[PDB]
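Only one chain is included here, represented as structure tokens and corresponding to the form deposited in one PDB entry.
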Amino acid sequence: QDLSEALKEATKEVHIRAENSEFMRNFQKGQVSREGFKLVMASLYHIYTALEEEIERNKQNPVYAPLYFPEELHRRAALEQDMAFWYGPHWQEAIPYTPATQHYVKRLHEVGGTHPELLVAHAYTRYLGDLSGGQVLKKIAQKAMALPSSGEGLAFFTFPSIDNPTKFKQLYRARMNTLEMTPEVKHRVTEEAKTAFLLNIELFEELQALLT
């Protein structure tokens, strides 16, 4: 079985649970507010910064190299633009760094520095989601908060270097399937993907508590 299919099958259950977290449930209903949106986007800024720092550290490592697509996928630059939009010129000293966000970042650094063969699980969890349901979330946010079609405030959800997300997603999956795989690695990669989803659920649960 291809790694791309194994990951989808391994995370379809936790994905349903993630969609139904209180925060995401409210988001989908279009009940997302500026306060809550700023919290999630600031948290993602920290998460993608860590993820991409680890991707750079392992770009030449065969256990990840086939998935090195910084021009097309990396989100740090986009999040920096969004932070300036939502938090202003001095966003760097204004954005929050929640405990759940810190925990996620911690695991990313452990994986990138000690278990790089599992980094693909984290890239899969974040990037393939961004190219999929992330586009649905983008539309909901635009409608709920009156964000312009021009993209301001939603750079994170925009991929100017990718003509068609569906096509790129198929390419990314194909390259994922070229990674040298063994039962050992496949087993652990799918397990780490479930952990990545849980880290996201825990973040959402925390943000919801901060909002309520």
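Note that the rigid core is defined as the largest set of C-alphas that superpose within 1.5 Å between two forms. From 1 onward, residues are counted along the sequence shown.
- Higher mean CA temperature factor, per the PDB entry, when comparing 23-31 with 37-45: 23-31.
- The stretch with the higher mean CA B factor, choosing between 50-58 and 175-183, is 175-183.
- Of the residues listed, 111, 100, 94, 78, the entry assigns the biggest Cα temperature factor to 94.
- Ranked by C-alpha B-factor against the other modelled residues of its chain, residue 131 falls in the highest third.
- The PDB entry assigns residue 64 a C-alpha temperature factor belonging to the middle third of its chain's modelled residues.
- Sort the chain's modelled residues by C-alpha temperature factor and residue 191 lands in the lowest third, per the entry.
- Sort the chain's modelled residues by C-alpha temperature factor and residue 162 lands in the highest third, per the entry.
- Ranked by C-alpha B-factor against the other modelled residues of its chain, residue 70 falls in the middle third.
Only in words, not in the display: the form deposited in another entry, which the text now covers.
- In a rigid core superposition between the shown form and the other one, 138 is the single residue of 138, 109, 76, 115 whose Cα is displaced by 2 Å or more.
- Superposition of the core reveals a Cα shift of less than 2 Å for residue 160 between the shown form and the other one.
- The Cα position of residue 25 differs by 2 Å or more between the shown form and the other one after fitting on the rigid core.
- The Cα position of residue 60 differs by less than 2 Å between the shown form and the other one after fitting on the rigid core.
- Distance between the C-alpha atoms of residue 102 and residue 134: longer by at least 3 Å in the other entry than in the displayed form.
- Shown here is a form in which the CA atoms of residue 198 and residue 134 lie at least 3 Å closer together than they do in the other entry.
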